Amino acid sequence: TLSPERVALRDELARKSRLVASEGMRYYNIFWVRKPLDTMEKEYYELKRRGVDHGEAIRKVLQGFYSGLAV
Amino acid sequence: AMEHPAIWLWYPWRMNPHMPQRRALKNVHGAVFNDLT
Amino acid sequence: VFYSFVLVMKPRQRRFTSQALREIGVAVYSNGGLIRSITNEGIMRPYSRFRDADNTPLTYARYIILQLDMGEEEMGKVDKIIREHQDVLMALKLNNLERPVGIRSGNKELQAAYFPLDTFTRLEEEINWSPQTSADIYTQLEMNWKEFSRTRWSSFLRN
Amino acid sequence: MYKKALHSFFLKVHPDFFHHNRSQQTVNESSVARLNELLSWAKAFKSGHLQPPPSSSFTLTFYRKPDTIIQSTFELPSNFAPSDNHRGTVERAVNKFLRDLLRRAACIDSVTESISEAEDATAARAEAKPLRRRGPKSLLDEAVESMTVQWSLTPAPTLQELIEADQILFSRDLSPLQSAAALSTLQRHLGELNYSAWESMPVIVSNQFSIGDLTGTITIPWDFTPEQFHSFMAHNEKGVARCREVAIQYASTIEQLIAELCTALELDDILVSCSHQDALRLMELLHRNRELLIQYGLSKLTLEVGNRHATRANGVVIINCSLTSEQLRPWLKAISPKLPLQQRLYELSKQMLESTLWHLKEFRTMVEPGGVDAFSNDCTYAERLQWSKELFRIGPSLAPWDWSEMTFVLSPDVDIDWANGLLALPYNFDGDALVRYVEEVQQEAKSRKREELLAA
Amino acid sequence: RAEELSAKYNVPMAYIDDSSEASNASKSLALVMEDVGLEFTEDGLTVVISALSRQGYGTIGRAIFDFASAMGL
Amino acid sequence: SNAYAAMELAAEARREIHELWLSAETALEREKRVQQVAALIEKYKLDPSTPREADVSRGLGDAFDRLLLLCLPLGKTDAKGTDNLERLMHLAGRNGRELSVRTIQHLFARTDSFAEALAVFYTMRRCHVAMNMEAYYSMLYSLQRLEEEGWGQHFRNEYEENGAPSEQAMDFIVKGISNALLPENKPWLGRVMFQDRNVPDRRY
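Residue numbers (the entry's author numbering), protein chains in the order written: chain Cb, 86 to 156; chain CO, 67 to 83, 89 to 108; chain CF, 2 to 160; chain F6, 1 to 67, 100 to 166, 178 to 499; chain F2, 165 to 237; chain DO, 54 to 257.
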């Protein structure tokens, strides 16, 4: 099973990462997406340790994911 | 500031077992609005 | 939105349709109402040919979406002005905007469990979705799409 | 009970946060794998089947972030046996080890470790004098769940997803089946011995034993034993760390100049078709002479980097790598009137690409075919747009039949294959004739079924 | 510091050793109750009080009950 | 490297705020404390006129709540301690974060007089900050307890010089403050609101 707050988090992160990977970067041959996606999860938990915001943590996580996809 | 005393024995079944206030608030919100025609 | 209208109008000259829309807006503003939006949808060919006042079947027609916030007696006045207009062939009155369809006749327990400010504060395109509209388009507006869509044509320019 | 403590501990010492240092990251990966197999055989001992551990006593090392090296040893009693009476004292052993990782991490309360020490003291006192008795998870049972459901490492990629990844390379000079023997029997059952930190490195198959000739890859020759590769990666781990670090630094120093050229010149993307070591000099030359590019009409245009000075018809210009500062100004004065033509051609190309992608998406949603390929043949955008709009026009007419086995593809000639999945169409094809053709095929099928039912 | 340690972390007062007469009394009581097979919990002291009560000993079992209820159990 | 450099000094911002918070010296002079937090505002540009894309205060997290109750109590003579409070609360009302119940209960516990607590109330009313309904009730209970100790110092100021209490001083003992949100003659006005079913009682 899965935790429901983690279910909603993975739903939001998948919906926001599918648009940057499909329509944004136009990159379909991406390899080993589980490591940047779990890095997004762990950076979100790192920002939720200090408790900064909700949407701004998603913004910084998506910026780091975009930089990782560019690299 | 002081150091805590040492705990000399412990059992996990002690840790096995505000919530009446939450149940009463939910029953109050049900009887006020949800249990009506 | 408080009220919305889908005005089907005869494809006349530009000045006649401009005067018709100007008189409709003047009748809205003179009765103490506000125009939320007015959008022109061009000339399309409908599935049914409407007849004008002189009984001529028109193959083409212009569609105009008109979103207004007016009082109900003044909305009846403006609706009587619009339905008796010579250029307006047909116009439906969207009165199901504040409350969604299926609440009043649907489940009786799900009748007072809705919020009218959820639907009143958004536009008509956010209540009745177009086929080109979807949820990912709404999530693209808050995701800083300008820094992401700059690399979408890096593969098609060389082929 | 221990959920917040182990959550904060795995938040501190996880290798996914340590990206500045790669050695700390791979030591944290090895320590997380050792802790995972430790808790695995601990749960195996708690389940009922007893197996000898891979290590009886070993020092585990983690790294911490200040926002700091945590070393702790795991020791076993010398009278260890796979008997039943040793199944309890090992449970108090690993629970002595985990809080030894939790005390030095300074993330728990001393009351919590006092509670765990009291619980181990009750278990040690009750092991001697037998009692009877007739539930919250312990430190081990919460640790395995917080490991598996939240803080588990990503699994290693298989060979099939490494095939399409463009990461498996080989030099064909050996043979095809020398590479097939280097792949099939040396990557299927030998991929388990390869490290998880190794999985970011692409693999070339070449002649010699080395650690890379390209940027950020590693080589391996004809058929090897996995102990030889394990001794090979234990010999030059510093070089295969430094090559990955310099590859990441090279990609970052490319991407920052690309980003500043995109934000300053208001263009979309910088394209490159030559070696990046010669493209870096041109990019830093454009970075130094950036205000000269602002002064000229060079804006809102993608820039390709090739070898020949040329201008493509879809709006992108091509700049040579070998270019000096004194040659930059006559090159900019040469193509100065041609820039608004390139701008309007770029806008027309973007509009036509958006239109043909929308038409192909509507054709994929309406008729649902096996696949559409219009970007195969080198044609103009007018031919591709006309082909996409002609397929979109006959979309509702091909709707009563499913085309999930056939491929619509652009071609210079008509090819209608029904035994295979091929429908190759020119840019100017009559869609009504195609509808008549499929209607005649359906008429053939209906007449064949009617004659078959009349024959019987 | 044991009185707020018992209130913060949901630990009974008999389970905390602060080198007291009550702590030594609870240690001696648990050391005796380990010899008869019990656990020094809510269920062990029920067996202790019932086994004392079935042999007379009303005031002794009542004193053990009062010491148990005073020490967090 | 804009987002990485913005969090590089923000982790140093959370660190050096924690430096003078780990002191927590009540023996330290308030004039020496309000000048340290005023230097920290001008250092990291905690004015809400700073552009929000390079805002260092959105990355503080829970360390921003420790900075908010760090400027209390304010100086009464200079009347400049409100500027250290209003710059942080206008920024908190702009970012739209809620102040917790434990924060505001600790915010009004550091207030000495009744006049200083009305300054904190009308600052956060002007800056439009958000909080819980328990955070509003625990704030007005602190305003109730600060007026009660103010009259207790007044009625003992006349007792020390006269030697005997008056009838009005003994009537203050029984009755107390009449107009109050949570008065003592009806001890059931915090059961639905607070989750602990008890009004928090502070002592000195």
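From the three backbone atoms N, C-alpha and C, an ideal C-beta is built for every residue, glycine too.
Distance between residue j and residue i (C-alpha atoms, nearest Å)
{"i": "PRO269 (chain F6)", "j": "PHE116 (chain Cb)", "result": "25 Å"}
{"i": "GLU84 (chain DO)", "j": "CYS124 (chain DO)", "result": "10 Å"}
{"i": "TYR4 (chain CF)", "j": "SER31 (chain CF)", "result": "17 Å"}
{"i": "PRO264 (chain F6)", "j": "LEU212 (chain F6)", "result": "12 Å"}
{"i": "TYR470 (chain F6)", "j": "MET409 (chain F6)", "result": "20 Å"}
{"i": "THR144 (chain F6)", "j": "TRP79 (chain CO)", "result": "16 Å"}
{"i": "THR262 (chain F6)", "j": "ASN237 (chain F6)", "result": "14 Å"}
{"i": "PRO219 (chain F6)", "j": "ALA225 (chain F6)", "result": "10 Å"}
{"i": "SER490 (chain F6)", "j": "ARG13 (chain CF)", "result": "53 Å"}
{"i": "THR120 (chain CF)", "j": "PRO101 (chain CF)", "result": "8 Å"}
{"i": "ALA59 (chain DO)", "j": "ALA107 (chain DO)", "result": "7 Å"}
{"i": "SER447 (chain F6)", "j": "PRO373 (chain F6)", "result": "56 Å"}
{"i": "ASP16 (chain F6)", "j": "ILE180 (chain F2)", "result": "40 Å"}
{"i": "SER115 (chain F6)", "j": "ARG218 (chain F2)", "result": "42 Å"}
Neighbour flag for residue i against chain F6, beta carbons, 9 Å
{"i": "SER19 (chain CF)", "result": "no"}
{"i": "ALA67 (chain CO)", "result": "no"}
{"i": "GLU131 (chain Cb)", "result": "yes"}
{"i": "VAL196 (chain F2)", "result": "no"}
{"i": "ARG159 (chain CF)", "result": "yes"}
Contact list for residue i against chain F2, beta-carbon separation under 7 Å
{"i": "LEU182 (chain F6)", "result": "What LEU182 (chain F6) touches in chain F2: nothing, since even the nearest Cβ is about 16 Å away."}
9 Å Cβ cutoff, residue i in contact with chain DO
{"i": "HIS89 (chain CO)", "result": "yes"}
{"i": "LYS145 (chain Cb)", "result": "yes"}
{"i": "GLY149 (chain Cb)", "result": "yes"}
Contact list for residue i against chain Cb, beta-carbon separation under 7 Å
{"i": "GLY114 (chain DO)", "result": "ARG135, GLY136 and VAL137"}
{"i": "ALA56 (chain DO)", "result": "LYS145 and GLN148"}
Sub-9 Å separation of residue i and residue j beta-carbons
{"i": "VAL9 (chain CF)", "j": "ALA62 (chain CF)", "result": "yes"}
{"i": "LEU93 (chain DO)", "j": "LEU121 (chain DO)", "result": "no"}
{"i": "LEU163 (chain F6)", "j": "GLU198 (chain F2)", "result": "yes"}
{"i": "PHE45 (chain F6)", "j": "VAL122 (chain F6)", "result": "yes"}
{"i": "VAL348 (chain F6)", "j": "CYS317 (chain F6)", "result": "yes"}
{"i": "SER31 (chain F6)", "j": "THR61 (chain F6)", "result": "yes"}
{"i": "residue 309 (chain DO)", "j": "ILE157 (chain DO)", "result": "The displayed coordinates of chain DO run from 54 to 257. Any statement about residue 309 (chain DO) would go beyond what the structure contains."}
{"i": "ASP115 (chain DO)", "j": "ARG140 (chain DO)", "result": "no"}
{"i": "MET246 (chain DO)", "j": "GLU187 (chain DO)", "result": "yes"}
{"i": "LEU366 (chain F6)", "j": "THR399 (chain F6)", "result": "no"}
{"i": "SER342 (chain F6)", "j": "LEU308 (chain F6)", "result": "yes"}
{"i": "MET190 (chain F6)", "j": "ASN28 (chain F6)", "result": "no"}
Chain-ordered chain CO contacts of residue i [CB-CB under 9 Å]
{"i": "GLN248 (chain DO)", "result": "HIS89, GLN92 and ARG93"}
Any C-beta of chain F2 under 9 Å from that of residue i
{"i": "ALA72 (chain CO)", "result": "yes"}
{"i": "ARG164 (chain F6)", "result": "yes"}
Chain-ordered neighbours of residue i on chain CO, where CB pairs are closer than 8 Å
{"i": "residue 174 (chain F6)", "result": "Shown without residue 174 (chain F6), the model has chain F6 running from 166 straight on to 178."}
Chain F6 contact residues for residue i, given Cβ-Cβ distances below 9 Å
{"i": "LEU75 (chain CO)", "result": "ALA150, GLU151, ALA153, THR154 and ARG157"}
Chain Cb within 9 Å of residue i, Cβ atoms only
{"i": "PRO269 (chain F6)", "result": "no"}
{"i": "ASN148 (chain DO)", "result": "yes"}
Per-residue contacts from residue i into chain CF (C-beta, under 8 Å)
{"i": "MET110 (chain Cb)", "result": "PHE149, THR152 and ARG153"}
Residue i at chain CF interface by Cβ criterion, 9 Å
{"i": "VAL92 (chain Cb)", "result": "no"}
{"i": "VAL156 (chain Cb)", "result": "no"}
{"i": "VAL105 (chain Cb)", "result": "yes"}
Beta carbon proximity, residue i to chain CO, threshold 9 Å
{"i": "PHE204 (chain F2)", "result": "yes"}
{"i": "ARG256 (chain DO)", "result": "no"}
{"i": "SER30 (chain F6)", "result": "no"}
{"i": "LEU209 (chain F2)", "result": "no"}
Proximal chain DO residues relative to residue i, where beta-carbon distance stays under 8 Å
{"i": "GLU141 (chain Cb)", "result": "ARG111"}
Chain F6 contact residues for residue i, given Cβ-Cβ distances below 8 Å
{"i": "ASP199 (chain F2)", "result": "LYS161"}
Contacts of residue i in chain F6 (Cβ-Cβ under 7 Å)
{"i": "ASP96 (chain Cb)", "result": "Under the 7 Å cutoff, chain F6 gives no residues; its nearest Cβ is about 17 Å from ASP96 (chain Cb)."}
Chain-ordered neighbours of residue i on chain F2, where CB pairs are closer than 8 Å
{"i": "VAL126 (chain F6)", "result": "Within 8 Å Cβ-Cβ: nothing; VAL126 (chain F6) doesn't reach chain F2, min ~23 Å."}
Chain-ordered neighbours of residue i on chain CF, where CB pairs are closer than 9 Å
{"i": "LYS432 (chain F6)", "result": "Those do not exist, as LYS432 (chain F6) stays about 17 Å from chain CF at its closest Cβ, beyond 9 Å."}
Notebook entry, point to check: Is it a yes or a no for the segment 18-36 of chain CF touching the segment 45-52 of chain CF, going by three-plus beta-carbon pairs under 8 Å?
Noted result: no
Margin query: Across the segment 104-124 of chain Cb and the segment 145-152 of chain CF, are there enough close Cβ pairs to call them in contact, namely three or more that are closer than 8 Å?
Written below: Three or more pairs of CB atoms, one per stretch, sit closer than 8 Å, so the segment 104-124 of chain Cb contacts the segment 145-152 of chain CF.
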